[PDB]
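Written out below as structure tokens is the structure these notes cover.
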Amino acid sequence: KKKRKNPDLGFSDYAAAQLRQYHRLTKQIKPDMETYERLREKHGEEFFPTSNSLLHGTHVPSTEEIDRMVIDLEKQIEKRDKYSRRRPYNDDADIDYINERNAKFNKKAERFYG
RNA sequence: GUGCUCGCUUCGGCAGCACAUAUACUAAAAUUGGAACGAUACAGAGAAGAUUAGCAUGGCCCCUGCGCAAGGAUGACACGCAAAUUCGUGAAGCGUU
Ligand SMILES: [Mg+2]
Ligand SMILES: [Mg+2]
Ligand SMILES: [Mg+2]
Ligand SMILES: [Mg+2]
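When the letters of the first sequence are read in order and numbered with the authors' numbering, they come out as residues 114 to 227.
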């Protein structure tokens, strides 16, 4: 059995959050060594190109593949859509604001003047 | 067309020589399209409770002026989610290995 934890911190740079998300997505993927070997026995030495070494024009993908990336796109898009968790419209406390822009400005002022 | 051939050669012509060397958006048209700040009618003036001065910024907006001056309502126009890359706790319940 296995165990780990990862706590959230400051967004410090957009890079940090991006990196966390990449970690998760990367861990998810599971590759088929079948297709890997199939692709391998055709091309051989072309498999291991340096930045500058080797070249074959284009690798054309079966559509079924393309569907995988499209699906992952939609998933990540949703997960990103949920970035900001909204606090429910609570009327219970005292109202001094005149509109929602004013309500939010009063909230930002509450953070900076204690 | 002009003159001269000592040309025929009459005074008729013809010839020869010289001299002279290329205009033009071809149109009296026929077209074809857009404006007059004119009517017509609507329309109808920044800021802050009210009444009002203005100087700017921006640009597929101009107008009067010789203008790099000045003026034109401060010349006009310039506001409904002006939301952008990207999350995670704490508890509970349910179903699963
Ligand atoms: Mg006023
Ligand atoms: Mg002016
Ligand atoms: Mg005035
Ligand atoms: Mg102005």
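Where a beta carbon is used, it is the ideal one built from N, C-alpha and C, also for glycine.
Which listed residue (the options) has its alpha carbon closest to that of residue i
i, options, result
"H172", "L152, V183 and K188", "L152"
"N119", "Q134, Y127 and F218", "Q134"
"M146", "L168, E154 and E159", "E154"
"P174", "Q189, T148 and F124", "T148"
"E150", "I142, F160, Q141 and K143", "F160"
For the stretch 142-184, which segments carrying the alpha helix (DSSP H) assignment without a break, of at least 4 residues, lie completely within its bounds, in sequence order?
Whole alpha helix (DSSP H) segments, 4+ residues: 146-156.
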